[PDB]
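Asks: Pasting in a structure now, in structure tokens, and then I'll have a few things to ask.
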Amino acid sequence: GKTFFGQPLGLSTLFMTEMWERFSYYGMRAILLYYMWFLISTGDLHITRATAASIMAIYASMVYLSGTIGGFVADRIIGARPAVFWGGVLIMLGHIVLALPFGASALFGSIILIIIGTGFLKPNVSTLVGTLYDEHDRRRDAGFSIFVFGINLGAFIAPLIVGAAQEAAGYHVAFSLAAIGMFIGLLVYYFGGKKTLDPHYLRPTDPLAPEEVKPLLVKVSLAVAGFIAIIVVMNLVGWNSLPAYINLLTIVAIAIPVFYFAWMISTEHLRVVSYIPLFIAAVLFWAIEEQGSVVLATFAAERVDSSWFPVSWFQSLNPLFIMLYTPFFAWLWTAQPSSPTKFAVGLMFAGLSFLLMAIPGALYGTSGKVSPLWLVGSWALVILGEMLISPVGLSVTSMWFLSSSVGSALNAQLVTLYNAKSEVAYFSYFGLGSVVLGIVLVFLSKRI
Ligand SMILES: CCCCCCC/C=C\CCCCCC(=O)OC[C@@H](O)CO
Ligand SMILES: CCCCCCC/C=C\CCCCCC(=O)OC[C@@H](O)CO
Ligand SMILES: CCCCCCC/C=C\CCCCCC(=O)OC[C@@H](O)CO
Ligand SMILES: CCCCCCC/C=C\CCCCCC(=O)OC[C@@H](O)CO
Ligand SMILES: CCCCCCC/C=C\CCCCCC(=O)OC[C@@H](O)CO
Ligand SMILES: CCCCCCC/C=C\CCCCCC(=O)OC[C@@H](O)CO
Ligand SMILES: CCCCCCC/C=C\CCCCCC(=O)OC[C@@H](O)CO
Ligand SMILES: CCCCCCC/C=C\CCCCCC(=O)OC[C@@H](O)CO
Ligand SMILES: CCCCCCC/C=C\CCCCCC(=O)OC[C@@H](O)CO
């Protein structure tokens, strides 16, 4: 129908490709924690709920950390369009694995398939959106807003459809629905891409030169050997527990930025030095925002009297508030504060969302059930902070893609401190710590 919301026709294919990837990812994301609880509940999965909560966080962390390499692989080894397709195949296979009649045994294979596949697909689907606007186009900003709208839309309907299906039929039937969404995205992506997309991106745009293959091989091989060497030393010293492997990835996930930062601090260097508070602010915000899939999901199931609807539906509040807030903040910023002071306020709101959640337990006690409106207000606050941090954050800096992996890595340690006895302290303490750190950044907003 000629333009798609004024944008080139190929936005529709990419819009829907990622809408269905996000449907498959976030639909699984809404019921995976309850799935592990269920597997624990029947004795099939021998971990604590604290460990089940830490897996959700470190699972997310690796997915974002898989996304920093995906652009490289498609820009230099395979194509951008092949990375999205074959990434989608891996995400679909990851969900098929959980739909099969397995239990805990399938969990690792599903997690590893989706980590790799999302890493190939997620950065390069955004790359293909840029290829629609050849160069120096005003439409670019609008078309990415359309693309992101399909992202949030798929994240919004997925807990509704997949969560209700888990309620209706099994967990396995619900996971197959996630697999089917990715399949739908592949159909539209494949047949729709052939018609629209540039055949230039069937092939790497910056292919490896003859002399670059061997150093890259050495580099990737040295990384795997040392990583494999660490793992065998762990088991030798007796650190072979699942919580210990999560700590390895935690250390790995946080050391990558630290090493890049210490690297660049080794010519008006203080521009870099300026980014440390900005980066730390992004990590703590993403930590709180990514705990909604974990800590807030636990609260909804254990602590909210939600007996007339599936508890996983609370995951739809995150993209819903993004979609309601997003046209406003577009209007708001065309009619303005700095990038650092935007970060601090974002962490303040994020901290306000956790402070709000400390109130019901303090007032009513912890052995009962509270209104679902508490969680509704909590997500309203944290997504408010996302509007300030996210659209601005990429500009102030990818190394910013990594802030999400570190926040979830930190989460893999913190969420194990959450339970009913620790509820009010967890929310209040970490919620206050975020707001206070936002005050320090407002003080530090002077220097940049
Ligand atoms: C958590 C890691 C999962 C990785 C799954 C997707 C990537 C698969 C293989 C990675 C090898 C490619 C070489 C890595 C690399 O050199 O990246 C550097 C590049 O991103 C610099 O911007
Ligand atoms: C140097 C490469 C970094 C490592 C990236 C690949 C990490 C692969 C998997 C880790 C994802 C989180 C693991 C969660 C997990 O172990 O769950 C499976 C467990 O429940 C099976 O009983
Ligand atoms: C799945 C296999 C293990 C993962 C492969 C990791 C890739 C890292 C190093 C090998 C580079 C492979 C690409 C080689 C290549 O195509 O270079 C040839 C060059 O002349 C044209 O690009
Ligand atoms: C803009 C609206 C956001 C309003 C949220 C602000 C919430 C501020 C403070 C709530 C902290 C509650 C601290 C809980 C507490 O007092 O602990 C004692 C409690 O255990 C007594 O049973
Ligand atoms: C910004 C909007 C208003 C927010 C006000 C902050 C709410 C602070 C506290 C909520 C009521 C908690 C009362 C806790 C308390 O008094 O403990 C008493 C009792 O538990 C002694 O053990
Ligand atoms: C940013 C806006 C924050 C507003 C969120 C605060 C709204 C909280 C409650 C409003 C409805 C009152 C229900 C109180 C409640 O939780 O029920 C407790 C009751 O079951 C104890 O017997
Ligand atoms: C649009 C998709 C998001 C779905 C979110 C799930 C619904 C969230 C809030 C609706 C609750 C309205 C009040 C429900 C209610 O009856 O109150 C329970 C009672 O315990 C109040 O204390
Ligand atoms: C300035 C940057 C702030 C970085 C994080 C801020 C809060 C960090 C730590 C809070 C203390 C909690 C320590 C307890 C903990 O981490 O538990 C992990 C342990 O259970 C591993 O499973
Ligand atoms: C603790 C009881 C309530 C006190 C809260 C009142 C508001 C808190 C702090 C007020 C701002 C402190 C000074 C902030 C400031 O000087 O900013 C300057 C900075 O923007 C220069 O670039």
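Chain identifiers are assigned as A, B, and so on, following the order in which chains appear in the structure tokens; residues are numbered from 1 within each chain, and ligands are numbered from 1 in order of appearance.
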Would you list the contacts of residue 398 in chain A as JSON, numbers by chain, taking every protein, DNA or RNA residue within 12 Å and counting only C-alpha atoms, but skipping same-chain residues closer than 4 positions in sequence?
Replies: {"A": [64, 65, 66, 67, 68, 69, 70, 71, 72, 123, 257, 260, 393, 394, 402, 403, 404, 405]}
Asks: Write out as a list in words which residues come within 6 Å of range 272-289 of chain A when counting only C-alpha atoms, dropping same-chain ones fewer than 5 positions away.
Replies: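 With the cut-off at 6 Å, the set is residues 347, 403, 404, 406, 407, 408 and 411 of chain A.
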Asks: Mind dumping a table of every chain A residue within 7 Å of ligand 6, with the nearest atom pair and its distance in Å to one decimal, using only C-alpha atoms and all ligand atoms, sorted by chain and rising number, as a Markdown table?
Replies:
| residue | atom | partner | partner_atom_place_in_ligand_line | distance |
| --- | --- | --- | --- | --- |
| A:360 | CA | ligand 6 | 16 (O) | 6.5 |
| A:364 | CA | ligand 6 | 21 (C) | 6.1 |
| A:369 | CA | ligand 6 | 20 (O) | 5.8 |
| A:370 | CA | ligand 6 | 16 (O) | 3.7 |
| A:371 | CA | ligand 6 | 16 (O) | 3.8 |
| A:373 | CA | ligand 6 | 7 (C) | 5.1 |
| A:374 | CA | ligand 6 | 5 (C) | 4.6 |
| A:376 | CA | ligand 6 | 5 (C) | 7.0 |
| A:377 | CA | ligand 6 | 3 (C) | 4.2 |
| A:378 | CA | ligand 6 | 1 (C) | 6.6 |
| A:380 | CA | ligand 6 | 1 (C) | 6.3 |
| A:381 | CA | ligand 6 | 1 (C) | 6.1 |
Asks: Using only C-alpha atoms and all ligand atoms, can you tell me which of A:27, A:215, A:199, A:438 comes closest to ligand 8?
Replies: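 Nearest candidate to ligand 8 out of A:27, A:215, A:199, A:438: A:438.
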Asks: Hey, which residues come within 10 Å of ligand 7 if we count only C-alpha atoms and all ligand atoms? Could you give them as an MDAnalysis selection string?
Replies: chainID A and resid 156:157 159:160 300 304:321 368:377
